[PDB]
There are 4 protein chains.
Amino acid sequence: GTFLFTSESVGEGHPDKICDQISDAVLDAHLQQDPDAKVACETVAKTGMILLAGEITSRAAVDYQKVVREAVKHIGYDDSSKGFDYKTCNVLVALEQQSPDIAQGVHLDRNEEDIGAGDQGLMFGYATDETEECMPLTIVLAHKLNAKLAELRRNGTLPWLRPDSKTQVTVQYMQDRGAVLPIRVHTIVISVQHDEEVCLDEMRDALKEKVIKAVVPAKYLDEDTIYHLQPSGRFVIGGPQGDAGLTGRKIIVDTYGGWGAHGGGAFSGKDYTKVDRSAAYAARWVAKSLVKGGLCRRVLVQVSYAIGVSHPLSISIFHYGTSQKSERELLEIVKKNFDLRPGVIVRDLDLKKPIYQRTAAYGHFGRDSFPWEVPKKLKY
Amino acid sequence: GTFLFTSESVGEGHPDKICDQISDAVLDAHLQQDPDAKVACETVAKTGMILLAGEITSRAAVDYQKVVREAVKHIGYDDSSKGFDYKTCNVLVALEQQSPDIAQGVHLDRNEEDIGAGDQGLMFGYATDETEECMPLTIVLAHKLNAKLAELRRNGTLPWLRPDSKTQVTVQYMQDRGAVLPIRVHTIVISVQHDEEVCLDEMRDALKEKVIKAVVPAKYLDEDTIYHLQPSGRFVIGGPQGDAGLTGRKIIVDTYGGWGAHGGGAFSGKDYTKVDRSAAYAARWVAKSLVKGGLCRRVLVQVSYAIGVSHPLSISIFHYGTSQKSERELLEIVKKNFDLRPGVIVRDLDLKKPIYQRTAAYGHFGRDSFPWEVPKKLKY
Amino acid sequence: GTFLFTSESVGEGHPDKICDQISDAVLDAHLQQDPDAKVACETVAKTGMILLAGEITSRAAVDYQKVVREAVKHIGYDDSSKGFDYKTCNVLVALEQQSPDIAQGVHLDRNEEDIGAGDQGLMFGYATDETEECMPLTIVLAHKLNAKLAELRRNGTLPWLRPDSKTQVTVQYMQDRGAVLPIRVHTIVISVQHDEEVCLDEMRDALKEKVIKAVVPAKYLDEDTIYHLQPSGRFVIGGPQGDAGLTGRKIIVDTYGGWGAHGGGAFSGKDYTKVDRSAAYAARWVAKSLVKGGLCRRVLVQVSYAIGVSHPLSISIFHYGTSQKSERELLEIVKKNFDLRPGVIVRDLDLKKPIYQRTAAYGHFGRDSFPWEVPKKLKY
Amino acid sequence: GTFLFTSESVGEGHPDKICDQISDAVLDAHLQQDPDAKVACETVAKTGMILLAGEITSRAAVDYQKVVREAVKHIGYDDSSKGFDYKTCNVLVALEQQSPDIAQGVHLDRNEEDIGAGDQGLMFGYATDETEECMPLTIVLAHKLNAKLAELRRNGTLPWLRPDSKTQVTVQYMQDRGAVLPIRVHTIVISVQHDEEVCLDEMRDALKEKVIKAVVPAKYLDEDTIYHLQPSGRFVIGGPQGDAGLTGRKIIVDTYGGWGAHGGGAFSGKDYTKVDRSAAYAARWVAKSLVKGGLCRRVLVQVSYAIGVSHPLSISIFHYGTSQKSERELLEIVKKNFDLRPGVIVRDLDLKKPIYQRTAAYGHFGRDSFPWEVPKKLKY
Ligand SMILES: C[S@@+](CC[C@H](N)C(=O)[O-])C[C@H]1O[C@@H](n2cnc3c(N)ncnc32)[C@H](O)[C@@H]1O
Ligand SMILES: C[S@@+](CC[C@H](N)C(=O)[O-])C[C@H]1O[C@@H](n2cnc3c(N)ncnc32)[C@H](O)[C@@H]1O
Ligand SMILES: C[S@@+](CC[C@H](N)C(=O)[O-])C[C@H]1O[C@@H](n2cnc3c(N)ncnc32)[C@H](O)[C@@H]1O
Ligand SMILES: C[S@@+](CC[C@H](N)C(=O)[O-])C[C@H]1O[C@@H](n2cnc3c(N)ncnc32)[C@H](O)[C@@H]1O
Ligand SMILES: [K+]
Ligand SMILES: [K+]
Ligand SMILES: [K+]
Ligand SMILES: [K+]
Ligand SMILES: [K+]
Ligand SMILES: [K+]
Ligand SMILES: [K+]
Ligand SMILES: [K+]
Ligand SMILES: [Mg+2]
Ligand SMILES: [Mg+2]
Ligand SMILES: [Mg+2]
Ligand SMILES: [Mg+2]
Ligand SMILES: [Mg+2]
Ligand SMILES: [Mg+2]
Ligand SMILES: [Mg+2]
Ligand SMILES: [Mg+2]
């Protein structure tokens with residue numbers, strides 16, 4: 001009755017994640033001055049280049065040079081020896097206003113609570129009782145491995161580390177009436193950019209002893225656990241020099257690591273009127289509320305929207321057999337307890353607050369008690 | 001016992017899909033001359049701009065100006081009145097060689113069958129017997145609605161249409177022992193870019209009568225079906241002028257429309273050594289082989305890889321309760337019948353052939369009898 | 001005793017001149033809000049692209065998209081059929097603050113009158129009594145031919161004209177004691193971008209009859225005058241699509257058409273602290289004052305500066321033998337009547353006023369009674 | 001009877017000169033493979049960015065990444081501490097084919113000797129017997145000061161130097177029957193980018209003792225000579241980070257430093273069919289031939305062209321009163337001894353040879369016995 005499942009995560013300096021963090025730094029900069037800024041900022045990164053492309057209508061005055069470079073500084077790309085430097089890279093801006101055709105169809109002259117969805121689309125929320133975070137263990141572990149790398153880089157204990165990293169965790173699970181129970185870690189991959197001087201065996205030893213053993217409980221690790229540590233053998237070239245980055249190319253890392261489902265919308269660089277972000281956050285909030293409220297052990301929530309229409313087109317609940325209530329009963333509970341219009345979600349989840357850069361690495365869910373991580377007490 | 005499920009699709013001129021098609025036009029151009037080209041081409045589109053960013057190591061001599069502009073021409077952006085013109089747009093190129101650190105870790109000096117995966121990652125394949133295409137009805141219908149729009153644009157019957165479109169279909173389903181049975185279409189959204197002269201009622205009438213009724217069987221449509229046709233009210237500004245596009249931002253449209261699962265990897269712009277594409281195609285091939293072979297009615301396949309390692313790290317089969325065989329038995333059948341090393345997949349699926357631009361709109365699966373859509377006869 | 005001399009001019013839609021006008025539109029936009037803006041804006045134009053690159057420190061909030069596109073609109077590039085369209089081109093911005101090392105060395109904490117030169121360099125002013133404009137006839141005629149083309153394009157009498165044009169005029173001169181006396185026009189070149197439908201003979205006839213004869217006095221034209229009208233035979237592709245443009249690549253067209261001398265500094269995109277512009281304008285003002293004041297018939301003025309130093313390093317006067325006073329006496333007159341510190345020039349010539357876009361085609365000198373064209377009454 | 005005259009030069013790492021050298025590195029790369037390449041390559045430089053924009057029709061396969069980065073390496077921008085790094089900067093390419101309308105009008109189906117001029121324009125050549133180089137002393141000295149800085153940077157004796165430098169020299173002259181005789185150096189400016197650690201007095205002392213005294217004969221220097229050494233006080237930020245660069249923005253530095261005249265055409269990035277380069281080189285060759293041949297002491301030559309026309313429209317000779325022959329007699333000598341069609345100049349001056357990057361700093365004239373610097377023996 002056992003099965004394997006694998007999830008990955010990436011570090012702050014992974015080129016796609018650089019772009020997500022920059023896009024959200026831009027969003028936060030606008031929101032600091034104009035809580036109602038309309039923001040759709042994509043970022044592209046390649047050798048020596050950050051390009052901002054998209055649509056922003058805002059009363060803010062934002063110094064894009066400063067904002068972008070400070071985000072890259074935070075990540076740790078501060079010298080040409082590392083392959084990228086915030087001080088000397090190119091920052092190019094191709095930002096126009098929001099289309100007035102979109103603006104008139106979505107929000108102009110509308111009461112805030114009755115703003116239309118900013119686009120069509122579908123979104124999913126998921127929660128699982130297998131961890132206190134209500135997240136899959138596979139991705140929780142994958143994120144923590146990248147966070148550990150960044151910690152040891154920043155505190156100087158592994159000064160050969162660079163910011164670009166990836167991890168991948170395969171867990172063997174059993175199932176119990178639709179819920180999932182982690183048994184052991186089957187395989188771990190870690191690849192991380194490094195300096196020219198450190199040798200491969202020193203890196204592999206450090207990744208096992210100072211990273212894996214520091215993060216993963218020993219009860220999950222055994223003689224049979226497979227380790228692929230620096231499996232390429234050499235990773236000196238990294239960041240955008242090694243691989244182009246784009247915003248919204250880590251959408252599964254941002255969410256549930258292959259578990260649950262995804263509707264395809266990226267989060268970063270978007271204000272609350274973009275339901276790709278606000279409704280996915282709300283859907284997580286619903287899912288987590290159902291599990292922490294004791295109605296399910298595991299649950300998937302779908303919602304969908306049409307551009308210009310406030311209420312969701314569809315809502316669906318899938319409980320994997322882990323509730324005594326029918327899925328229809330859970331749907332009725334959700335409909336009685338949540339208002340999933342974007343102009344109400346914004347109020348419930350405080351989505352005009354400039355906290356988005358903090359969401360843009362290590363997953364949007366399962367950490368930091370953001371509003372969508374604080375369960376709603378349900379009435380039924 | 002009924003539930004709703006929603007999927008979307010986008011047209012050829014949707015700015016993200018423009019980028020996928022350009023990236024794959026670039027890939028095909030390289031493969032026409034050098035079957036072993038290493039290609040990782042991202043495309044970004046905004047007002048007046050196509051930017052190519054990424055890594056290509058190839059013996060081909062490719063005229064990027066010509067290749068990009070011809071792809072945009074095919075899509076139909078051929079005049080400033082439409083918001084974008086292949087003849088006069090900017091084409092910018094930021095393409096470097098593949099990192100030699102990646103090359104040495106993945107493919108240099110390796111026997112082709114034993115080439116390492118081009119990256120780590122996870123991938124899923126899915127198949128469902130609800131349609132002959134072995135695809136969810138929701139996304140099949142969504143794709144066909146966009147294809148219909150392009151057909152009526154190109155044949156001149158709706159000359160006010162422009163290339164940028166989106167559709168979304170919500171189907172009410174029942175379930176039968178883990179399989180799903182479509183009952184009716186609950187809601188349809190269509191948004192499509194249009195000329196300045198046509199009025200809203202003419203468009204809405206045409207979208208119902210010439211698009212929806214031409215595509216969706218009447219047995220699925222009834223008095224209660226909800227239509228959101230041009231719901232924003234005005235969509236004259238479109239294509240990249242209205243919304244920035246990036247490669248790999250329609251990964252759910254490219255695959256299963258929210259059904260099954262996704263590991264996060266984009267397809268377009270990548271040669272076969274990128275397992276994001278080759279192994280996802282293989283996983284579809286496996287899933288479809290299991291369903292057409294009569295072992296399951298519905299099945300999800302996960303695989304995962306480490307950079308530089310040929311064999312998958314993990315393989316998992318989930319049959320939703322729709323097989324008499326256990327998931328472990330199906331896994332054994334898969335392991336006996338498929339070799340999921342990238343250097344074997346390339347041979348089985350003919351992945352050096354320059355057919356990729358054809359995959360880059362209307363989904364990669366469920367059409368055209370591509371090799372991954374021709375079931376393998378299973379021995380067990 | 002006769003000789004030939006040739007000068008050229010270009011139209012508003014010549015790609016280099018597009019860039020000069022855009023750079024100066026940006027400067028004017030800043031000056032409208034912040035008279036003390038520090039501006040060093042270069043523009044690059046190629047197919048579908050305007051790129052702004054440079055350094056601006058200003059309290060203004062400038063919408064670069066709007067400013068750039070409005071300048072291109074004014075020029076007349078408004079449709080993909082013309083090769084460039086303000087509505088749909090790419091506008092990319094790579095603008096940073098002025099270097100703080102420059103700012104501290106030039107203007108920070110300095111009394112305005114005692115601001116240092118913004119850079120080192122040399123500059124020349126020139127005037128000649130051969131025309132009332134105090135300009136060489138060769139370039140006056142060349143400019144007027146381009147202005148005529150733009151006039152006939154804009155009033156619809158030659159609707160096949162596009163904005164990109166070049167002209168060149170060769171005049172036969174005699175000399176009289178260092179002054180020059182035009183005798184006849186020896187050769188005229190006109191090349192102008194055109195639509196696909198008009199034939200070559202219609203264009204050549206129109207350029208002779210409606211352009212040349214409308215601009216050049218018949219007394220200068222005879223049986224022997226050589227006409228090279230549309231000499232390439234076909235000029236449908238034009239503007240930035242045909243030829244990349246850059247700011248500051250028409251510095252001889254901007255000034256004296258090969259007569260006098262040039263110190264190499266471009267004018268457009270620069271505020272008054274850049275002595276390339278302010279001191280060259282002042283030098284013209286000096287030269288014109290000497291000729292209109294009756295001291296010379298023709299005169300060349302050199303000045304030069306060091307970055308951070310207010311007073312010119314050198315001043316030189318060359319009168320071609322056309323004064324009864326020695327060059328040393330004229331130099332003394334200039335030193336007694338003009339203060340060529342940039343922080344005084346700014347006051348005398350009103351150089352914080354946003355009139356710069358008007359200078360950026362058809363020459364900076366010899367027209368419109370700008371302040372540097374109004375002679376100073378000299379005391380001696 | 002004395003006067004001052006000032007000329008400037010810039011170093012290899014001056015951002016405009018970076019662009020000229022890159023443009024000519026691109027030209028040379030094409031010519032190495034295809035002697036008949038048609039090349040019009042502009043370069044733009046700003047923080048972290050080299051952009052190539054222009055038109056190239058060539059049979060060569062050129063790796064623009066490699067070519068650009070190697071040119072920047074040669075200049076010495078190899079670390080983020082210097083403000084720019086060839087290894088990690090962005091290289092963007094916007095290169096299209098030559099316009100076919102230009103190609104058909106200029107060179108297609110034409111006998112090489114009878115190729116038309118690639119454009120209209122005017123050009124000047126100049127020579128002066130005041131130095132053995134036949135160049136003005138002011139600019140010769142200015143160039144040598146920059147060359148000295150680069151020498152002391154590269155040999156490690158002044159390791160605080162960076163590549164970006166400017167110099168300016170003012171010489172007091174007397175005249176003798178139209179020729180000019182240098183008397184003394186009146187003022188020298190040197191500004192050079194430097195590291196954060198060196199102090200201002202150490203730099204000023206080194207610039208006087210190790211640079212000026214090493215280059216300028218002591219006979220020209222006296223108690224009254226004015227030195228402006230690091231006059232801004234601080235120049236740590238430099239190269240493209242401090243100031244945008246463009247190709248063809250140092251046209252007076254490239255030529256005669258304000259002496260003679262200039263027709264406005266840039267040299268770098270252009271093949272021989274662009275008469276801006278080939279005819280200006282030829283005009284220098286003519287001028288130098290007249291002076292070294294003993295006909296003049298100082299001479300200015302003008303030539304001009306029309307696009308598509310092989311022979312020059314006009315030729316003019318101005319000898320400043322320094323010949324016993326009339327200017328008409330010298331013109332007749334020039335016409336009997338030189339064929340100034342571009343398709344003949346190419347043969348006489350060997351202009352398909354890839355030696356152009358070597359021309360792109362320290363002036364195109366007066367050094368290295370390039371073909372246009374080897375006087376032609378005149379018959380008359
Ligand atoms: C392997 S690259 C993707 C494929 C790549 N675009 C190509 O040209 O083959 C994807 C990511 O893997 C990581 N990476 C880059 N170089 C690597 C190396 N030498 N070894 C292992 N991982 C690497 C970085 O995180 C990078 O963003
Ligand atoms: C709505 S836009 C995305 C949000 C947008 N970036 C913004 O600034 O608000 C996404 C897509 O919707 C479609 N779209 C663009 N303009 C639209 C309009 N006026 N009405 C409906 N759909 C539109 C296009 O397919 C476009 O790529
Ligand atoms: C001839 S182009 C310069 C050379 C060009 N970059 C090349 O690739 O050969 C310079 C200018 O000449 C004009 N021009 C462009 N196409 C032309 C044509 N077909 N005939 C005549 N003049 C043209 C435009 O004003 C353009 O900016
Ligand atoms: C002074 S900058 C030109 C004006 C500048 N674009 C601005 O924003 O004010 C021109 C050149 O002077 C030199 N330069 C740059 N920074 C300097 C400084 N702090 N001191 C002296 N010269 C400098 C470099 O050679 C640079 O290319
Ligand atoms: K989702
Ligand atoms: K990538
Ligand atoms: K997948
Ligand atoms: K977008
Ligand atoms: K000047
Ligand atoms: K050009
Ligand atoms: K010249
Ligand atoms: K500049
Ligand atoms: Mg990626
Ligand atoms: Mg979407
Ligand atoms: Mg998108
Ligand atoms: Mg991936
Ligand atoms: Mg030009
Ligand atoms: Mg200058
Ligand atoms: Mg400059
Ligand atoms: Mg020219």
# chains A, B, ... in the order shown; residues from 1 in each chain; ligands from 1

$ residues_around --residues "residue 345 of chain B" --least-positions-apart "3" --cutoff "12 Å" --atoms "only C-alpha atoms" --output "JSON, numbers by chain"
{"B": [112, 113, 114, 115, 117, 272, 273, 274, 275, 277, 278, 279, 280, 281, 282, 283, 285, 286, 310, 311, 312, 338, 339, 340, 341, 342, 348, 349, 350, 351, 352, 371, 372]}

$ residues_near_ligand --ligand "ligand 13" --cutoff "10 Å" --atoms "only C-alpha atoms and all ligand atoms" --output "list in words"
residues 14, 15, 16, 17, 240, 243, 244, 245, 246, 247, 248, 249 and 250 of chain A; 40, 42, 247, 248, 264, 265 and 266 of chain B

$ interface_residues --of "chain B" --to "chain A" --cutoff "6 Å" --atoms "only C-alpha atoms" --output "list in words"
residues 54, 99, 101, 105, 232, 234, 235, 242, 244, 252, 258, 261, 262, 263, 264, 307 and 308 of chain B

$ residues_around --residues "residue 130 of chain B" --least-positions-apart "6" --cutoff "10 Å" --atoms "only C-alpha atoms" --output "list in words"
residues 136, 137, 179, 180, 181, 182, 297 and 298 of chain B

$ residues_around --residues "residue 359 of chain C" --least-positions-apart "2" --cutoff "9 Å" --atoms "only C-alpha atoms" --output "ChimeraX atom specification"
/C:21,24,254,268,355-357,361-365

$ residues_around --residues "segment 73-86 of chain B" --least-positions-apart "5" --cutoff "7 Å" --atoms "only C-alpha atoms" --output "number ranges by chain"
B: 12-13, 48, 162-163, 237-239, 241; C: 79-80, 88

$ select_by_dssp --residues "segment 218-313 of chain B" --states "strand (DSSP E)" --output "ChimeraX atom specification"
/B:226-229,245-246,298-305

$ write_last_selection --atoms "N, CA, C and O atoms" --output "mmCIF file, in the first residue's frame"
data_model
loop_
_atom_site.group_PDB
_atom_site.id
_atom_site.type_symbol
_atom_site.label_atom_id
_atom_site.label_comp_id
_atom_site.auth_asym_id
_atom_site.auth_seq_id
_atom_site.Cartn_x
_atom_site.Cartn_y
_atom_site.Cartn_z
ATOM 1 N N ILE B 226 -24.783 28.879 -18.441
ATOM 2 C CA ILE B 226 -24.423 30.270 -18.235
ATOM 3 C C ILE B 226 -23.364 30.671 -19.251
ATOM 4 O O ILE B 226 -22.384 29.947 -19.444
ATOM 5 N N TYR B 227 -23.595 31.796 -19.934
ATOM 6 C CA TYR B 227 -22.672 32.293 -20.951
ATOM 7 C C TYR B 227 -22.128 33.641 -20.533
ATOM 8 O O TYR B 227 -22.897 34.597 -20.269
ATOM 9 N N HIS B 228 -20.800 33.740 -20.494
ATOM 10 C CA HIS B 228 -20.114 34.976 -20.230
ATOM 11 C C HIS B 228 -19.311 35.249 -21.471
ATOM 12 O O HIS B 228 -18.168 34.771 -21.620
ATOM 13 N N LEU B 229 -19.900 36.020 -22.386
ATOM 14 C CA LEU B 229 -19.338 36.260 -23.707
ATOM 15 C C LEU B 229 -18.931 37.713 -23.772
ATOM 16 O O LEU B 229 -19.736 38.613 -23.500
ATOM 17 N N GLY B 245 3.625 38.794 -22.325
ATOM 18 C CA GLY B 245 3.688 37.344 -22.449
ATOM 19 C C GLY B 245 5.057 36.831 -22.137
ATOM 20 O O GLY B 245 6.054 37.538 -22.302
ATOM 21 N N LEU B 246 5.108 35.591 -21.651
ATOM 22 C CA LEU B 246 6.334 34.870 -21.380
ATOM 23 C C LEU B 246 6.170 33.424 -21.759
ATOM 24 O O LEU B 246 5.077 32.874 -21.625
ATOM 25 N N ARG B 298 -8.791 5.801 -15.690
ATOM 26 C CA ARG B 298 -8.216 7.100 -15.426
ATOM 27 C C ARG B 298 -6.939 6.838 -14.641
ATOM 28 O O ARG B 298 -6.894 5.969 -13.754
ATOM 29 N N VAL B 299 -5.878 7.583 -14.920
ATOM 30 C CA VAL B 299 -4.589 7.283 -14.293
ATOM 31 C C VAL B 299 -3.710 8.516 -14.316
ATOM 32 O O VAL B 299 -3.738 9.314 -15.268
ATOM 33 N N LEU B 300 -2.979 8.683 -13.223
ATOM 34 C CA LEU B 300 -1.959 9.724 -13.048
ATOM 35 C C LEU B 300 -0.627 9.019 -12.834
ATOM 36 O O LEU B 300 -0.513 8.105 -12.008
ATOM 37 N N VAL B 301 0.376 9.485 -13.546
ATOM 38 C CA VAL B 301 1.745 8.923 -13.502
ATOM 39 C C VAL B 301 2.682 10.042 -13.033
ATOM 40 O O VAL B 301 2.681 11.098 -13.672
ATOM 41 N N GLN B 302 3.492 9.828 -11.986
ATOM 42 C CA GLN B 302 4.552 10.757 -11.655
ATOM 43 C C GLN B 302 5.881 10.115 -11.970
ATOM 44 O O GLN B 302 6.089 8.914 -11.734
ATOM 45 N N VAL B 303 6.810 10.941 -12.450
ATOM 46 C CA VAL B 303 8.222 10.556 -12.569
ATOM 47 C C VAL B 303 9.061 11.719 -12.073
ATOM 48 O O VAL B 303 8.589 12.868 -11.996
ATOM 49 N N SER B 304 10.297 11.447 -11.691
ATOM 50 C CA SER B 304 11.188 12.530 -11.299
ATOM 51 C C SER B 304 12.627 12.169 -11.629
ATOM 52 O O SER B 304 12.933 10.997 -11.830
ATOM 53 N N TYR B 305 13.482 13.194 -11.701
ATOM 54 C CA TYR B 305 14.861 13.049 -12.147
ATOM 55 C C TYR B 305 15.783 13.919 -11.307
ATOM 56 O O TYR B 305 15.341 14.855 -10.645
#

$ residues_around --residues "residue 211 of chain A" --least-positions-apart "3" --cutoff "8 Å" --atoms "only C-alpha atoms" --output "list in words"
residues 145, 148, 149, 206, 207, 208, 214 and 215 of chain A

$ write_last_selection --atoms "C-alpha atoms" --output "mmCIF file, in the first residue's frame"
data_model
loop_
_atom_site.group_PDB
_atom_site.id
_atom_site.type_symbol
_atom_site.label_atom_id
_atom_site.label_comp_id
_atom_site.auth_asym_id
_atom_site.auth_seq_id
_atom_site.Cartn_x
_atom_site.Cartn_y
_atom_site.Cartn_z
ATOM 1 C CA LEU A 145 16.828 22.495 2.607
ATOM 2 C CA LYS A 148 19.332 26.016 5.304
ATOM 3 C CA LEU A 149 21.696 26.620 2.405
ATOM 4 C CA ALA A 206 28.822 19.393 3.960
ATOM 5 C CA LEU A 207 25.505 18.940 2.149
ATOM 6 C CA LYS A 208 24.919 15.669 3.988
ATOM 7 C CA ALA A 214 20.253 19.652 10.146
ATOM 8 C CA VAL A 215 16.845 19.766 8.395
#

$ select_by_dssp --residues "segment 212-368 of chain C" --states "helix (DSSP H, G or I)" --output "PyMOL selection string"
chain C and resi 212-215+218-220+239-241+275-292+327-337+342-349+357-359

$ atom_distance --atom1 "atom CA of residue 337 of chain A" --atom2 "atom CA of residue 288 of chain A"
13.3 Å

$ atom_distance --atom1 "atom 3 (C, counted along the ligand's line) of ligand 4" --atom2 "atom CA of residue 56 of chain C"
11.3 Å

$ closest_residue --among "B:343, B:159, B:293, B:354" --to "residue 380 of chain B" --atoms "only C-alpha atoms"
B:293
